[PDB]
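Data first, discussion second: the structure below is written as structure tokens.
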Amino acid sequence: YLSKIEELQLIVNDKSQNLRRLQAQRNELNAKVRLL
Amino acid sequence: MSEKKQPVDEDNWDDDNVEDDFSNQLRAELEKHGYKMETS
Amino acid sequence: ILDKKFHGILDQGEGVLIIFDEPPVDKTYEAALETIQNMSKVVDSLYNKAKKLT
Amino acid sequence: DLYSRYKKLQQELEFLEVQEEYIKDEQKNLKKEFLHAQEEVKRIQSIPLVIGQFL
Amino acid sequence: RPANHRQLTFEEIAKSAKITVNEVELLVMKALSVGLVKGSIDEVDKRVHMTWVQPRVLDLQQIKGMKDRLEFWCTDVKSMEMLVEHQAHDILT
Amino acid sequence: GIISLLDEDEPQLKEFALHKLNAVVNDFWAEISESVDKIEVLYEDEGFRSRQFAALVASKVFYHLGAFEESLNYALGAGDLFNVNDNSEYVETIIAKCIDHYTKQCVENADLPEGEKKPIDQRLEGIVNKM
Amino acid sequence: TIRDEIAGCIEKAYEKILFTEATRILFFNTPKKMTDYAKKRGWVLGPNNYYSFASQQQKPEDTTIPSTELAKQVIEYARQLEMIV
Amino acid sequence: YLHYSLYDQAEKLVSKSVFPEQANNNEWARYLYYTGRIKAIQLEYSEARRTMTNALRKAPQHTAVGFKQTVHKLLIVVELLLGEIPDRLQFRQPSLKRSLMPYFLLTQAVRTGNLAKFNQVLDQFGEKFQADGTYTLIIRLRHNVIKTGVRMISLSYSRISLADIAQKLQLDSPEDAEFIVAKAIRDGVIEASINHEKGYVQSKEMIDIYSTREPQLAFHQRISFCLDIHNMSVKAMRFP
Amino acid sequence: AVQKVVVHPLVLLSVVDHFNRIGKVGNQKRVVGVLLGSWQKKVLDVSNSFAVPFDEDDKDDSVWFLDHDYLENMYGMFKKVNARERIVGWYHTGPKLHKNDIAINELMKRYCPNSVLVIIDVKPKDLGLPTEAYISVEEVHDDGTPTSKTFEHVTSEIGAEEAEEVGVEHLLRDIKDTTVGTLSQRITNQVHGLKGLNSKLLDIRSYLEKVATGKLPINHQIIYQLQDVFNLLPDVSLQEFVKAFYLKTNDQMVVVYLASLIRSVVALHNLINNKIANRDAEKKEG
Amino acid sequence: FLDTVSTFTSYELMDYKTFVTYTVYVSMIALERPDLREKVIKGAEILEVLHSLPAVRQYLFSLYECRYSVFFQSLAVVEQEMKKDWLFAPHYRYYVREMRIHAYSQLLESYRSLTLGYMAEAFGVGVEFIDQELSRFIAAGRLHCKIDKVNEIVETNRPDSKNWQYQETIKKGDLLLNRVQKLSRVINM
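Protein chains in written order, with our numbering: chain A, 288 to 323; chain W, 36 to 75; chain F, 418 to 471; chain C, 37 to 91; chain H, -2 to 90; chain B, 59 to 189; chain P, 460 to 544; chain V, 199 to 438; chain R, 111 to 396; chain X, 1426 to 1614.
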């Protein structure tokens, strides 16, 4: 079960993606500040 | 989540600080310092 | 020198009996006075903190 | 059915690392545009002033 | 002499001066009356402290020794400057 | 612990010692971390028979520690006593890491003009067609 | 481990001791053993005395090097201003 | 692996591995408490005081029968063994007063230079030392009593001699107090000197207690603390 | 006679356009044009200038041509339309001067008795400020030669004037205003260390010129004396600042006190709103 | 208590003069020397209601006089007085050494070439009598000076203008900010 488990531990990196969605929220923050 | 080994095994509560100087020491304080006048 | 003062500290071996001092050190004073109240503001936010979770 | 899975999600992960590196410098450059906006605010009062009173 | 010694004895001034101990004081005050040196008259030890002096003629061997201590300064400050900047190089972005 | 006993020149105490090692290996995994150099010396002795089983148990202990890559090289240099086992959780994690090494090896070697490649070892490419 | 701690704990930590204290604590009253220790301090004895001098020289200070290298720590402090936005 | 024996903590020491992220606050607290209580028998007193303080303040929720006074009881014994410890006038509980678990009398005798009552605590209260089970305290905690006495006196006085303290604390001789002061200077506690000619402790104190060089270097600990809490605030900001 | 200058970039662009006027034709050597000026104090100002045609063959550097009629005509023009200005000198675009320049200088020092030149560079990369000032006075010599008429390097700068940057900073558009807090200090570090100690190492290359050559004016008058102004610090090994480590600690003192106190208060700034709004967003997100 | 005017007589009072004695016993300390002299010395209406009892005014002027033996004469008077006082007499000790610590604090910052012979020549007897007294007072945490061997030079300290001030900031940014470090580590689990 080589890549049968590698892909699972890379499914864990969807929780890395919540940090990215947070960063996208950070860039969306101050976007309306500069547009104001 | 609270236990994990352990269920098997104003007052004078602030005066305790200088009371540590009152219990081991100075209980006959002015019974000697008050007698410094006439002892010598 | 005991009762009153002119910052006249005693030295038995100088001559001048040196009076020197630095009065403005309020840089640390006003910051300490801030931290005294800021710890109280943290304490008064701790109620919101410990109450809004559970 | 396994080999299709990390051929999608690995590509998803490296695309997301791509934009996760980009958005940092994005939010960086926004603060420089914000400082330009600050100077644009600050230069509204330099040479004149015409004193009134608030009614 | 090597750079200044920061404190220069009565034997030194009196030895180059071929004069007694009790005249180098008049000497350093007279140099202040001349105004070539702005010195502090260090004679608590009879050992005199140094400030700026109006220089004398740079010799050929003194051109070379000036190149020595000057390039010492130059490439040492430049090299340790590049070292400080080599530590300061990582945070430019 | 029971590993410093090997100052004898005869190897039968070493085989008795590994017979002890695989028996009570289930409680003493830190002691070989001081015996790493003894593992190296007993591995580099050719006519001494138990260099390969030393490589086996060294892969075991360095799989407990975290030196999975010298565990991998020891699994390569652990003889056919390594390849005789392919049914365990231990063995599936380390063949995952082994053909991980093989696939990074192949992706590196695949862009080379006609040769000059790194040596793809025969054990990690034989477990390919064994799988 | 007594004699090495004699060799670290009766000289080069004190001022001066006379020969009879070394005669009591360092037994056999003149071997090449207490002589070995007295020279093992890195020190030459006089008659009937063991000074413990010539130590802790120059009053060291480390002139301006922490001023440099802690600004080199302020460098990664600016990197901590960098890693966040 | 505490009651059933040890060196398993030394079996950790070549494969020590902790969490990536700290877990439940009670969990992380009691885990730090376990490893600090292991460093108690290891007699490493530097990391232990801060990790047991972290574990002490980090578990504020306990049943009213106790268990935080249990954790504190078996916590502060090596803190008594430090040579210095604050007064326990902030931890005294009435059921703890009836169960006499850390012995307020023990740290009362710590503040004294008393030997008869301290060894009376020992001999009289070996029944409660059963519940302690940490008998490594006493064989050097008597040493901590005599070090507490010499620390109190030498901290009080500027210059003192062996003629005062070497017989005031009845060490029967100058040289036994010379060995005590030798181990104190080996601990760096006192800055004394012994006149090895007439029988003087020609003790003294060092100088320059001003803020020239020391606090500005301690401010890298202070500000490293601050910036790491900045980054903890940043990682806290990173989750929603 | 000249204290310093206050020179606006507009006159430099007024050099640039005539450089464009000569880059399209047969360019023998360089540009020689008029430098007007607004001389008020011993300080100097220039608001504007214009050019004049010029050619120069190189056989005895004396064949060089202006048009004083055209010069005084357009001077009368710009003097009528602006009575503030007057001529103050000239300029040239080739960064290295030559021996004809004294003939240029003294031939135009007849209208006003001073005529300060301006070196510029149309392709500047390594220099600092383009603007340069000489003046033609005499010290006569130590050997007192027959009229050693020397250009004397007057200090210079780029000037400043209110609302003359309206075009400029709108045009260039790339300026990162107020980079205090990031990397401007290390740009100044790299450039002042390297680009000043290379000036120093080329001064010692000129010292090697005094070693292998340099009989010429070997100059034992100003060189070692201003180098003695340098030699206020003979910074030899053993470093000689036992009397300045405590002063350096005094330098460290107040700023590190500010750092400790204030950045503790900065952690105290961040944590409050960060925690509160953090768990607000976290457990009120759903 | 300091607003002693409006408390004239109500039918829960005892002797209003004894109210004056109680407020002066509690206001002689927790009152720094400018405030001390302004209240207990420049106090206008207080002077009569302490002109009744001589030993109270004698106590204040013996304390402000800053002698050595009238310290202890005065202190013996207030030793007699402090006991006879309900919900004060179980607190008879820290008030007495509090008077002492105020007295030694106002007497020991000013000198720096101080010998305890100069103390014991005028305190009464202190040749070994103030020895353990001042030693407990120093090593108790307060009253920073240095007690000496027969070299006998008592050496004093700083006014907390620079050095001792530099602690409480990190003493609170450890403790209370570490409590909120715990609450900060309440995010995930």
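Heads up, the beta-carbon is just placed ideally off N, CA and C, and yes, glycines get one too.
| Query | Result |
| --- | --- |
| Closer than 8 Å at the beta carbon, the chain R residues around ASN1 (chain H) | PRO344, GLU350 |
| Spatial neighbours of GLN267 (chain V) in its chain, beta-carbon cut-off 7 Å, leaving aside the 5 residues before and after | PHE289, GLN291, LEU294, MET299 |
| Backbone CA spacing between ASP65 (chain H) and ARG315 (chain R) [nearest angstrom] | 13 Å |
| Pair within 9 Å by beta-carbon distance, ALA243 (chain R) and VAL276 (chain R) | no |
| Contact residues within the segment 462 to 478 of chain P, judged by C-beta distance below 8 Å to chain V | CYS468, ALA472, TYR473, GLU474, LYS475, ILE476, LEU477 |
| Contact set between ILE292 (chain A) and chain B, taken where Cβ atoms lie within less than 8 Å | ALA154 |
| Short CB-CB distance (under 9 Å) between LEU353 (chain V) and chain X | yes |
| Residues bridged to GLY186 (chain R) [DSSP beta-bridge criterion] | DSSP, once it has assigned bridges, lists no residue as partnering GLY186 (chain R). |
| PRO258 (chain V) versus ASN252 (chain V) - alpha carbon distance | 11 Å |
| Length of the line joining the Cα atoms of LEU348 (chain R) and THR90 (chain H) | 38 Å |
| Inter-residue spacing [alpha-carbon to alpha-carbon] between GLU57 (chain C) and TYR288 (chain A) | 32 Å |
| Beta carbon proximity, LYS60 (chain C) to chain R, threshold 9 Å | no |
| Neighbour-count burial assignment, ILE153 (chain B), 16 or more Cβ in a 10 Å radius | buried |
| beta-carbon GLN539 (chain P) near the ligand FMN non-hydrogen atom, thresh 8 Å | Inclusion of the ligand FMN in the displayed structure is not the case, the ligand content being empty and no account of it being possible. |
| Residue span of the beta strand (DSSP E) that contains residue 397 (chain R), given as start and end | Any question about residue 397 (chain R) goes unanswered here, given that chain R covers just 111 to 396. |
| Beta-carbon spacing of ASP55 (chain W), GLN306 (chain V) below 9 Å | yes |
| Inter-stretch contact at 8 Å, needing at least 3 Cβ pairs: the segment 385 to 398 of chain V / the segment 343 to 360 of chain V | yes |
| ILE314 (chain R) at chain H interface by Cβ criterion, 9 Å | yes |
| Cutoff 9 Å: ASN317 (chain A) Cβ touching any chain V Cβ | no |
| Cross-chain neighbours of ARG436 (chain V) in chain A, by beta carbon under 7 Å | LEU306, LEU309 |
| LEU33 (chain H) at chain R interface by Cβ criterion, 9 Å | no |
| From V:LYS214, V:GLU277, V:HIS201, V:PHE217, residue whose alpha carbon lies closest to that of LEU241 (chain V) | V:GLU277 |
| Integer Cβ distance of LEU307 (chain R) from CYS71 (chain H), believed to fall under 8 Å | 6 Å |
| Where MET36 (chain W) falls, given that 16 or more other Cβ within 10 Å makes a residue buried | exposed |
| Whole-angstrom distance between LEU304 (chain V) and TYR333 (chain V), CA atom to CA atom | 14 Å |
| Contacts of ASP87 (chain H) in chain P (Cβ-Cβ under 9 Å) | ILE534, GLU535, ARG538 |
| Nearest candidate by alpha-carbon position, reference residue 1629 (chain X), set X:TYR1441, X:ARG1522, X:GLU1546 | There is simply no residue 1629 (chain X) to check, as chain X begins at 1426 and stops at 1614 in what is shown. |
| Per DSSP, cross-strand counterpart(s) of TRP174 (chain R) | R:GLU166 |
| Short-range partners of chain R found in the segment 494 to 516 of chain P, where Cβ spacing is below 8 Å | none |
| Span separating the alpha-carbon of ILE378 (chain V) from that of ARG389 (chain R) | 56 Å |
| Chain-ordered chain F contacts of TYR1536 (chain X) [CB-CB under 7 Å] | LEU427 |
| Exposed unless 16 or more other CB atoms sit within 10 angstroms - verdict on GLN63 (chain C) | buried |
| Within chain V, the residues that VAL1611 (chain X) reaches when beta carbons sit closer than 7 Å | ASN223 |
| Simplified DSSP state of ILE372 (chain R), which is helix, strand or coil | helix |
| CB contact below 9 Å: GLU150 (chain B) versus chain A | yes |
| Counterpart residues of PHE1496 (chain X) in DSSP-defined beta bridges | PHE1496 (chain X) is not bridged to any residue. |
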